[PDB]
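Working notes, beginning with the structure itself.
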Amino acid sequence: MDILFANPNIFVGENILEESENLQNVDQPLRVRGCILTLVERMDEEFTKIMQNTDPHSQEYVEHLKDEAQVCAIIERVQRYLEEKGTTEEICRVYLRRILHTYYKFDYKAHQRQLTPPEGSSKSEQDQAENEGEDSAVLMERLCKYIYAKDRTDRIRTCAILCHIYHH
Amino acid sequence: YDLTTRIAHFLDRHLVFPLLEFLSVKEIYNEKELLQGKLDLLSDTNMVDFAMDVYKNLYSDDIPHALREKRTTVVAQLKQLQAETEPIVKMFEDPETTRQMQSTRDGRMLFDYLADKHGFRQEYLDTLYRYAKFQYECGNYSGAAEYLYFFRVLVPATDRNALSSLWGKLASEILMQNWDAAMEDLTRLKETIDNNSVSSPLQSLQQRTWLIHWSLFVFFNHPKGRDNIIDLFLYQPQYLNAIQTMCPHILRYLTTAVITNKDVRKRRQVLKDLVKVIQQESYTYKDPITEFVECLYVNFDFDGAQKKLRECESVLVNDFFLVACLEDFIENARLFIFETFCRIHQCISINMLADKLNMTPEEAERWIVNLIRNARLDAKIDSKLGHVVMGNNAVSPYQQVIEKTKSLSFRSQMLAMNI
């Protein structure tokens with residue numbers, strides 16, 4: 001992801017340089033850009049499998065919960081690397097990944113942002129990236145409900161609406 | 001509810017011609033002013049009500065909106081702006097446009113009389129289609145639109161053009177004050193919503209709101225329109241979910257139109273099925289004057305309630321909205337809370353009612369005698385302590401059970417003794 005963030009489409013070719021470049025041949029540069037999410041998805045898979053099969057009361061279970069923030073941070077790196085033509089098709093899965101990192105959320109974070117005195121609280125450039133960062137998920141959720149009026153994957157629609165009722 | 005899931009994806013993306021902007025920085029009774037703004041947008045600009053809006057509190061900013069339409073009557077808007085002294089230097093569209101419209105009406109009017117006189121079926125439809133463009137373009141020319149819509153209405157693309165024409169004739173003649181035409185298109189609109197059209201999410205919602213706009217303001221027999229609107233689409237207090245609902249006001253008029261035209265038995269269903277449903281739960285915390293009426297009624301208070309209702313009368317008698325039956329509402333609000341209070345009561349002092357409502361104790365006694373005279377209260381009245389005393393403690397339930405259990409079974413045995 002750091003190499004991809006540094007790069008912006010060097011080695012893709014896109015007919016500006018061809019000797020020796022090309023992720024558009026052998027083939028389809030958008031497909032190659034979309035496959036990168038599908039690699040992250042195999043880490044997404046295995047992490048879920050570990051936290052399903054490790055013991056409920058082990059110290060390992062407490063330790064591996066720390067890695068969820070590291071996974072979620074990668075999803076934020078990926079969502080900030082799209083690219084409208086990858087966004088339209090991956091949005092159905094990205095909506096679900098946003099739901100996976102939301103649909104078991106607890107009170108305390110919502111209480112911190114909504115109940116900490118605004119006169120005393122944050123006034124500040126970094127803080128008002130990160131706070132807005134957290135409620136970006138419910139900003140996307142309100143957009144995604146309208147976006148899903150385009151789509152017919154009603155297993156995802158039914159699943160997402162149940163998660164929205166949990167979130168609300 | 002089905003149609004509610006149709007709303008659920010859309011989320012207050014209603015199509016309204018004024019877009020979003022209404023008369024800003026308003027002072028008195030903010031919930032009423034907010035209600036006027038959502039209503040102005042949803043009625044596609046009212047117009048008439050701007051004068052009412054200014055009459056309650058002085059605002060300059062109808063001028064604002066009022067300058068930007070010409071088809072109310074060009075001369076009226078021009079006189080309104082030049083009375084203010086708005087120095088527009090932009091009033092040049094109308095002499096060209098109106099002159100094209102004059103040539104267009106007379107060069108239609110010659111065909112109007114030929115097509116009627118000949119009666120030919122193609123010619124009448126062609127003359128109607130040649131007319132339909134003109135009356136859409138200017139309905140000011142109101143009686144010309146009414147003559148056209150008296151006969152056929154329908155043009156090749158039927159549903160949209162007929163339904164927009166019914167809304168436009170209903171809107172124009174409500175503004176012009178031609179009630180019989182407005183009563184005709186209130187009737188014609190509720191007939192037309194059966195079939196329906198494509199019924200794409202927002203269309204059905206706009207049709208619900210148009211039914212609210214003609215029903216709301218009260219000219220003639222609006223309690224019949226209250227009966228027609230509530231059981232139409234099955235009983236809701238606002239007719240939309242998705243949190244932003246605020247129309248706000250219809251339940252206030254609806255409750256009174258039940259109370260003054262029907263028995264209140266009957267307000268037990270209104271309390272469950274209109275007041276405690278989540279659409280009103282959403283509206284109540286957007287209107288404390290509506291909230292006091294319902295919340296005092298459902299908790300059965302005797303002396304916080306009656307003062308707060310009298311405090312509410314003071315705001316309500318300064319409501320400049322059309323409603324017709326204003327003191328009818330207020331007087332039967334006083335009666336209905338007293339009738340609700342007296343249902344389980346032991347005693348009431350005549351004086352203790354009088355001080356509370358600011359009336360004289362003889363006036364209070366004669367008012368209580370009018371509850372008794374109408375059979376809205378079983379009582380005895382103490383002549384020498386000045387207290388009214390109730391006593392419906394019904395000793396012995398057994399007999400009316402005994403009536404039913406042995407009437408059916410004994411006669412059923414007598415029926416058996418014949419074969």
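Residue numbering restarts at 1 in every chain; chains get A, B, ... in the order shown in the structure tokens, and ligands count up from 1 in that same order.
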- Message: Taking 4 positions as the minimum chain separation for residues in the same chain, which residues sit within 9 Å of residue 77 in chain B when counting only C-alpha atoms? Answer as a PyMOL selection string.
- Response: chain B and resi 63+66-70+72-73+81-82
Serialized selection, N, CA, C and O atoms, as an mmCIF file, in the first residue's frame:
data_model
loop_
_atom_site.group_PDB
_atom_site.id
_atom_site.type_symbol
_atom_site.label_atom_id
_atom_site.label_comp_id
_atom_site.auth_asym_id
_atom_site.auth_seq_id
_atom_site.Cartn_x
_atom_site.Cartn_y
_atom_site.Cartn_z
ATOM 1 N N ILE B 63 -41.784 39.763 -0.852
ATOM 2 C CA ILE B 63 -41.284 40.497 -2.008
ATOM 3 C C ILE B 63 -40.185 39.719 -2.758
ATOM 4 O O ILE B 63 -40.467 39.315 -3.891
ATOM 5 N N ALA B 66 -42.418 36.890 -4.334
ATOM 6 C CA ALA B 66 -43.547 37.510 -5.008
ATOM 7 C C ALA B 66 -43.194 38.197 -6.322
ATOM 8 O O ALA B 66 -43.970 38.243 -7.273
ATOM 9 N N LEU B 67 -41.964 38.716 -6.414
ATOM 10 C CA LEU B 67 -41.385 39.282 -7.612
ATOM 11 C C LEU B 67 -41.085 38.289 -8.736
ATOM 12 O O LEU B 67 -40.784 38.689 -9.857
ATOM 13 N N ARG B 68 -41.058 36.971 -8.456
ATOM 14 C CA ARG B 68 -40.410 36.014 -9.340
ATOM 15 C C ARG B 68 -41.382 35.109 -10.101
ATOM 16 O O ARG B 68 -40.951 34.257 -10.873
ATOM 17 N N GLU B 69 -42.705 35.314 -9.946
ATOM 18 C CA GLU B 69 -43.751 34.679 -10.741
ATOM 19 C C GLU B 69 -44.627 35.809 -11.265
ATOM 20 O O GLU B 69 -44.721 36.883 -10.672
ATOM 21 N N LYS B 70 -45.234 35.607 -12.440
ATOM 22 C CA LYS B 70 -46.026 36.585 -13.154
ATOM 23 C C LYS B 70 -47.456 36.091 -13.360
ATOM 24 O O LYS B 70 -48.373 36.876 -13.593
ATOM 25 N N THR B 72 -49.756 34.750 -11.376
ATOM 26 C CA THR B 72 -50.783 35.115 -10.399
ATOM 27 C C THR B 72 -51.689 36.218 -10.923
ATOM 28 O O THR B 72 -52.908 36.167 -10.769
ATOM 29 N N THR B 73 -51.067 37.223 -11.564
ATOM 30 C CA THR B 73 -51.611 38.395 -12.248
ATOM 31 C C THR B 73 -50.461 39.366 -12.326
ATOM 32 O O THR B 73 -50.020 39.908 -11.312
ATOM 33 N N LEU B 81 -44.598 45.229 -5.948
ATOM 34 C CA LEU B 81 -43.214 45.679 -5.942
ATOM 35 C C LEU B 81 -43.014 47.189 -6.042
ATOM 36 O O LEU B 81 -42.112 47.754 -5.431
ATOM 37 N N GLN B 82 -43.844 47.907 -6.827
ATOM 38 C CA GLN B 82 -43.735 49.352 -6.939
ATOM 39 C C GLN B 82 -44.355 50.099 -5.766
ATOM 40 O O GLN B 82 -44.006 51.247 -5.523
#
- Item | chain A: residues DSSP assigns to alpha helix (DSSP H), reported as a PyMOL selection string | chain A and resi 2-6+29-53+59-64+67-79+84-100+107-115+127-134+136-147+154-167
Starting from chain B, keep only residues with some atom at most 9 Å from an atom of chain A, counting only C-alpha atoms, and report them as a short mmCIF file (atom, residue, chain, number, x, y, z; two decimals) with N, CA, C and O atoms, in the first residue's frame.
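Output file selection-v4.cif follows:
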data_model
loop_
_atom_site.label_atom_id
_atom_site.label_comp_id
_atom_site.auth_asym_id
_atom_site.auth_seq_id
_atom_site.Cartn_x
_atom_site.Cartn_y
_atom_site.Cartn_z
N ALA B 8 -38.21 4.77 2.26
CA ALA B 8 -37.03 4.46 3.03
C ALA B 8 -35.69 4.60 2.32
O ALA B 8 -34.72 5.10 2.88
N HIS B 9 -35.60 4.19 1.04
CA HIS B 9 -34.43 4.46 0.22
C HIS B 9 -34.26 5.95 -0.12
O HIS B 9 -33.15 6.48 -0.16
N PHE B 10 -35.37 6.66 -0.41
CA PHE B 10 -35.37 8.02 -0.92
C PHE B 10 -34.99 9.13 0.06
O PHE B 10 -34.22 10.02 -0.31
N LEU B 11 -35.49 9.12 1.32
CA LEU B 11 -35.05 10.04 2.38
C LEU B 11 -35.20 11.56 2.15
O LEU B 11 -34.21 12.29 2.07
#
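Between CA of residue 138 in chain B and CA of residue 176 in chain B the separation is 14.8 Å.
Here the question is which of B:331, B:132, B:367, B:171 gets nearest to residue 152 in chain B using only C-alpha atoms, and that residue is B:132.
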- Message: Please list as a ChimeraX atom specification every residue within 10 Å of range 343-350 of chain B, counting only C-alpha atoms and excluding residues in the same chain fewer than 2 positions away.
- Response: /B:338-341,352-355,360-368,376-382,385-393
Would you write out those residues with N, CA, C and O atoms, as a CSV table (one decimal), in the first residue's frame?
chain,number,residue,atom,x,y,z
B,338,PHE,N,-62.8,18.6,30.6
B,338,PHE,CA,-63.7,18.5,31.7
B,338,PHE,C,-64.5,17.1,31.7
B,338,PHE,O,-64.6,16.5,32.7
B,339,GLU,N,-65.0,16.7,30.6
B,339,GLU,CA,-65.7,15.4,30.3
B,339,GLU,C,-64.7,14.2,30.6
B,339,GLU,O,-65.1,13.3,31.3
B,340,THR,N,-63.5,14.3,30.2
B,340,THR,CA,-62.4,13.3,30.5
B,340,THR,C,-62.1,13.2,32.0
B,340,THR,O,-62.1,12.2,32.6
B,341,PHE,N,-62.0,14.4,32.6
B,341,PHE,CA,-61.8,14.6,34.1
B,341,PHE,C,-62.9,14.0,34.9
B,341,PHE,O,-62.7,13.3,35.9
B,352,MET,N,-63.8,26.4,42.2
B,352,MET,CA,-62.5,26.0,41.8
B,352,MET,C,-62.3,25.7,40.3
B,352,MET,O,-61.2,25.7,39.8
B,353,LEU,N,-63.4,25.5,39.5
B,353,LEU,CA,-63.4,25.6,38.1
B,353,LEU,C,-63.3,27.0,37.6
B,353,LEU,O,-62.5,27.3,36.6
B,354,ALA,N,-64.0,27.9,38.2
B,354,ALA,CA,-64.2,29.3,37.8
B,354,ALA,C,-62.9,30.1,37.9
B,354,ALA,O,-62.5,30.8,36.9
B,355,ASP,N,-62.2,30.1,39.0
B,355,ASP,CA,-60.9,30.8,39.3
B,355,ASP,C,-59.9,30.3,38.2
B,355,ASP,O,-59.1,31.1,37.6
B,360,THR,N,-66.8,33.6,35.7
B,360,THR,CA,-67.6,33.8,37.0
B,360,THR,C,-68.2,32.5,37.5
B,360,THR,O,-68.6,31.7,36.8
B,361,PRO,N,-68.4,32.3,38.9
B,361,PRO,CA,-68.9,31.0,39.3
B,361,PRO,C,-70.3,30.7,38.9
B,361,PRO,O,-70.6,29.5,38.7
B,362,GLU,N,-71.2,31.7,38.6
B,362,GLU,CA,-72.5,31.4,38.0
B,362,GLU,C,-72.4,30.9,36.6
B,362,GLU,O,-73.0,29.9,36.2
B,363,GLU,N,-71.5,31.5,35.8
B,363,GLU,CA,-71.2,31.1,34.4
B,363,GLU,C,-70.6,29.7,34.4
B,363,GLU,O,-71.1,28.8,33.6
B,364,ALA,N,-69.7,29.4,35.3
B,364,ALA,CA,-69.3,28.0,35.6
B,364,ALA,C,-70.4,27.0,36.0
B,364,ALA,O,-70.4,25.9,35.4
B,365,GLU,N,-71.3,27.4,36.9
B,365,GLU,CA,-72.5,26.6,37.2
B,365,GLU,C,-73.4,26.2,36.0
B,365,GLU,O,-73.7,25.1,35.7
B,366,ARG,N,-73.7,27.3,35.2
B,366,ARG,CA,-74.5,27.1,34.0
B,366,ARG,C,-73.9,26.4,32.9
B,366,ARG,O,-74.5,25.6,32.2
B,367,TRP,N,-72.5,26.5,32.8
B,367,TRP,CA,-71.7,25.6,31.9
B,367,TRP,C,-71.8,24.1,32.4
B,367,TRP,O,-72.1,23.2,31.5
B,368,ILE,N,-71.6,23.8,33.7
B,368,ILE,CA,-71.8,22.4,34.2
B,368,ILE,C,-73.2,21.9,34.0
B,368,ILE,O,-73.4,20.8,33.6
B,376,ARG,N,-73.7,14.7,29.1
B,376,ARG,CA,-72.3,14.5,29.1
B,376,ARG,C,-71.7,14.4,30.5
B,376,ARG,O,-70.5,14.6,30.7
B,377,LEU,N,-72.6,14.1,31.5
B,377,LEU,CA,-72.2,14.1,32.9
B,377,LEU,C,-73.4,13.8,33.8
B,377,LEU,O,-74.3,14.6,33.9
B,378,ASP,N,-73.4,12.6,34.4
B,378,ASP,CA,-74.2,12.2,35.5
B,378,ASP,C,-73.8,13.0,36.8
B,378,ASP,O,-72.6,13.2,37.1
B,379,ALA,N,-74.8,13.6,37.5
B,379,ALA,CA,-74.4,14.4,38.7
B,379,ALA,C,-75.5,14.6,39.7
B,379,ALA,O,-76.7,14.5,39.4
B,380,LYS,N,-75.2,15.0,40.9
B,380,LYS,CA,-76.0,15.9,41.7
B,380,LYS,C,-75.3,17.2,42.0
B,380,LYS,O,-74.1,17.2,41.9
B,381,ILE,N,-76.0,18.3,42.2
B,381,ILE,CA,-75.4,19.6,42.5
B,381,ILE,C,-75.7,20.0,43.9
B,381,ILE,O,-76.9,20.1,44.2
B,382,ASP,N,-74.7,20.2,44.8
B,382,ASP,CA,-75.0,20.7,46.1
B,382,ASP,C,-75.4,22.2,46.0
B,382,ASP,O,-74.7,23.0,45.4
B,385,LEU,N,-73.4,24.1,49.5
B,385,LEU,CA,-72.0,24.2,49.4
B,385,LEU,C,-71.4,24.6,48.1
B,385,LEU,O,-70.3,25.0,47.9
B,386,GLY,N,-72.2,24.6,47.0
B,386,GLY,CA,-71.8,25.0,45.7
B,386,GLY,C,-70.8,24.0,45.0
B,386,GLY,O,-69.8,24.4,44.3
B,387,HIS,N,-71.0,22.7,45.2
B,387,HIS,CA,-70.1,21.7,44.7
B,387,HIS,C,-70.9,20.7,43.9
B,387,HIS,O,-72.0,20.3,44.3
B,388,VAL,N,-70.4,20.2,42.7
B,388,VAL,CA,-71.1,19.2,41.9
B,388,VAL,C,-70.5,17.9,42.3
B,388,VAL,O,-69.2,17.8,42.4
B,389,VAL,N,-71.3,16.8,42.5
B,389,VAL,CA,-70.8,15.6,43.0
B,389,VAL,C,-71.3,14.5,42.1
B,389,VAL,O,-72.5,14.4,41.7
B,390,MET,N,-70.4,13.5,41.8
B,390,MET,CA,-70.7,12.4,40.9
B,390,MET,C,-70.7,11.1,41.7
B,390,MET,O,-70.3,11.1,42.8
B,391,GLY,N,-71.3,10.0,41.2
B,391,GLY,CA,-71.5,8.8,42.0
B,391,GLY,C,-71.7,7.5,41.3
B,391,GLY,O,-72.5,6.7,41.8
B,392,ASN,N,-71.1,7.3,40.2
B,392,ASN,CA,-71.4,6.2,39.3
B,392,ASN,C,-70.7,4.9,39.8
B,392,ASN,O,-70.0,4.2,39.0
B,393,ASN,N,-70.9,4.5,41.0
B,393,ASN,CA,-70.1,3.4,41.6
B,393,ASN,C,-70.8,2.0,41.5
B,393,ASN,O,-70.4,1.1,42.2
- Please provide the set of residues having any atom within 7 Å of residue 21 in chain A, restricted to only C-alpha atoms, with same-chain residues fewer than 2 positions apart removed, written as a VMD selection string. chain A and resid 11 to 13 17 to 19
Exercise: range 96-101 of chain A partners within 7 Å, only C-alpha atoms, chain neighbours under 4 positions left out, as a short mmCIF file (atom, residue, chain, number, x, y, z; two decimals) with C-alpha atoms, in the first residue's frame:
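Done, and the output landed in selection_9.cif:
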data_model
loop_
_atom_site.label_atom_id
_atom_site.label_comp_id
_atom_site.auth_asym_id
_atom_site.auth_seq_id
_atom_site.Cartn_x
_atom_site.Cartn_y
_atom_site.Cartn_z
CA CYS A 72 -9.44 -1.32 9.63
CA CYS A 92 -21.15 -3.56 -2.51
CA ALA A 137 -18.88 5.48 8.43
#
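CA of residue 107 in chain B to CA of residue 91 in chain B spans 25.7 Å [interatomic distance, one decimal].
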- Task: Determine, counting only C-alpha atoms, which protein, DNA and RNA residues have an atom within 10 Å of an atom of range 2-4 of chain A; residues of the same chain fewer than 2 positions away are not included. Present the result as a ChimeraX atom specification.
- Result: /A:6-10,33,36,77-78,81
Output of the above residues as a short mmCIF file (atom, residue, chain, number, x, y, z; two decimals), in the first residue's frame, restricted to C-alpha atoms:
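File written: again-v8.cif
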data_model
loop_
_atom_site.label_atom_id
_atom_site.label_comp_id
_atom_site.auth_asym_id
_atom_site.auth_seq_id
_atom_site.Cartn_x
_atom_site.Cartn_y
_atom_site.Cartn_z
CA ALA A 6 3.89 6.55 -3.81
CA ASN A 7 3.34 5.25 -7.41
CA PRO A 8 -0.03 6.58 -8.95
CA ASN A 9 0.03 4.27 -12.03
CA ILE A 10 3.74 4.08 -12.94
CA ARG A 33 -6.36 -2.36 -9.53
CA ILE A 36 -5.44 -5.55 -4.88
CA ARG A 77 -5.90 3.07 2.99
CA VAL A 78 -7.74 1.06 0.28
CA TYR A 81 -6.87 4.66 -3.23
#
- Task: Could you jot down the CA of residue 133 in chain B to CA of residue 197 in chain B separation for me, Å, one decimal place?
- Result: 21.7 Å
- Message: Could you check the closest approach to residue 283 in chain B for each of B:230, B:189, B:295, B:251 and tell me which residue wins, using only C-alpha atoms?
- Response: B:251
